[PDB]
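Alright, two takes on the same chain below, each alone as structure tokens: structure 1 and structure 2.
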Structure 1
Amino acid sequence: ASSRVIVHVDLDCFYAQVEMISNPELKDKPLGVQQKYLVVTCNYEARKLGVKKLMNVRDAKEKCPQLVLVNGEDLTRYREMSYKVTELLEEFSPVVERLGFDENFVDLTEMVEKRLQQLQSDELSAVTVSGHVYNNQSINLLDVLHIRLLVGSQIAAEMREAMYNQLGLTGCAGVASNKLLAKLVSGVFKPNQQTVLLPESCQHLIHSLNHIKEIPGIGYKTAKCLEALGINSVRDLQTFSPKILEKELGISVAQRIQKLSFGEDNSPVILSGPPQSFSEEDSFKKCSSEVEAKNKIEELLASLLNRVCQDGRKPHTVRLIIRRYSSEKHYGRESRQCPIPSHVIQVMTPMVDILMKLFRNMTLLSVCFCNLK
């Protein structure tokens, strides 16, 4: 099992789609989904009118005064539809990895091979692509890698069709030989379109990026380190001294990020299955005095309990997260956790009680249940 066919599915303006489906009157109006002072996402009509993702509400409403806004602080419906998407994809092939609420990877390698064994040495030359070919690259029908990726594009088109027919949702897909490249290529044509990457255009796709932060896997901190070292482009990263990179980022981060800079990524698509943790949050800048705010911890709990119940499995740990404030230097939240007594596993008041103590041990209040069994 060497060469892979991977699809990355990435839905369009996910919370906005869900809001437009719920309230048809919002369809073909420019629409922003708001959380506190942020317009976290907006539909493609708003993006034509200036509105950007994670743009603050003011900038957004003076870029576009008629922008309609709906509150998206409660994730219940987005989370529900998100699992519907994953389950539908799992029906195509069972190893589906989630990334956030609206991206999924599927390893289609077995499915592609089974479809190939089913065509004769006649219709093999009838194989055609579905959707865009990255960089308008010519297909070579005698290249077995090209043929597999095209069958991969046909499977992806069937996935996007089923999503739309069964769930009312549109999205993009990217088909490529690994997860890094499938995820880079899925965003090439948006919204609601798909693209496949043939191997000869891999360097073109990688060099299309304008900074190494654009590479999935390289974040805020790593990008700052590389900068400090004079590394700005993908090519700077590709040509940089492996030794020097090793003894600066650790052998782990360094060998992996350098491979990514070439388009190389051996990481497997992992079956996400059910979630590992369940949390709810609330934000209020300045607002929590450190006493008159327990009632908040009680709401978070009431709502979580219903979710964790419905799941069918139970958590064996609970955690309280907080954020403090005086100025905005970089990062730092705070957590205390402890196990959940097993009497209480099998509800409110004793949980309120455990939490009010983890509080006393210690803007933001969140509760997180984890260590599910």
Structure 2
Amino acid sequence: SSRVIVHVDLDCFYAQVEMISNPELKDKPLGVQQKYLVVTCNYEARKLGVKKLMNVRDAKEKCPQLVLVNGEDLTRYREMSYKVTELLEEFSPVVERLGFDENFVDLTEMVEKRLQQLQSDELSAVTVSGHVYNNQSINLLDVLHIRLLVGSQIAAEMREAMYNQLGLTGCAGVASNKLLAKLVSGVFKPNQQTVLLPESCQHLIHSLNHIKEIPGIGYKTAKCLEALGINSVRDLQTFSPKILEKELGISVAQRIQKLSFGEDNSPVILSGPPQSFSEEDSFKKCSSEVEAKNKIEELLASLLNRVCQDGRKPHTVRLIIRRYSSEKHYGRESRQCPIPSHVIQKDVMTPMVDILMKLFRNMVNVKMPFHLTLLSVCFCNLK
């Protein structure tokens, strides 16, 4: 039952894609901009003080000569992200995506099949590729260490193929489960890889300084733990299971406390094609109102091409909006409805827009002043 899981995580992904298109940017500090946001930047910019998700002002001041490129259209990042998953799928079919630039692959079978092929006296020649977390000593007679080192060799083949075939560099983490592979993959960056031997697990988990650093504990849950006086990984590990459940539900409570020890039994699952296709536009009060028709028509036009290009067809459409002000929860609202079977045919635009516009009015009272900062359209329930 012991697995060897690899987590691959590309370097500064959007900036990396822009640097490749336009090598004139290869040596300049570079930031990818969406509205007033520097969503990410290359490693030249992270030297000069720029952070991911820093607004343009803080970043131009921290680095005046920061070159900026617009990254609001994700089409190119999207396309590259699938070329990566597809290439990893040649190694093992079951690849799980997490966002546009991370993949997990279960290497156990590949590892076992490579071990099956080594003769008695070349087992002792097995070596690591890249870093060993916490510099831990290898024990060549420990079969778990052996299988992890073969895992590290496979990861280095995957990184070399991504570079040689797609021009992309990234990091990899090899460990016994997904949580640990993903934590260890960030230890040496950019463009490096690390393997976690089982004895250093507690060390890696206790190296985190904030409980939100655990994948699966987000903004909301962390705020609730903070309020319970839970602040370190160890505070979570040792806190009352009963009380935790009462304050967060058997579900959230029991999975996070498990994660706090480094335990994660979830399988790597095959992502395959996408479950939804969406586009959004953000703006400052631009919409009020029914020119949204324009706005909604443009989203729709690009979305229609994507779903067309996909070749499965969608059966539900949804419209998402967001309303202006204030310090409270500015949550989104939406309306969905099925797409008429006759329309399921890829004129199209006109009845698709009529539908969206109806969903629009259902949400917004057109008789008073509107109040909108976001329009989004989603196609889903693909079939």
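Here the rigid core means the biggest group of C-alpha atoms that line up within 1.5 Å when the two forms are laid on top of each other. Just so we're on the same page, residue numbers count up from 1 along structure 1's sequence.
For residue 248, what C-alpha shift in Å results between structure 1 and structure 2 following superposition on the rigid core? On core superposition, this C-alpha lies 1.5 Å from its counterpart.
Core-aligned CA shift between structure 1 and structure 2 for residue 292 (Å): Core-aligned C-alpha shift comes out at 2.9 Å.
In Å, how large is the C-alpha displacement of residue 306 between structure 1 and structure 2 after the rigid core is aligned? Residue 306 is displaced by 0.6 Å at its C-alpha.
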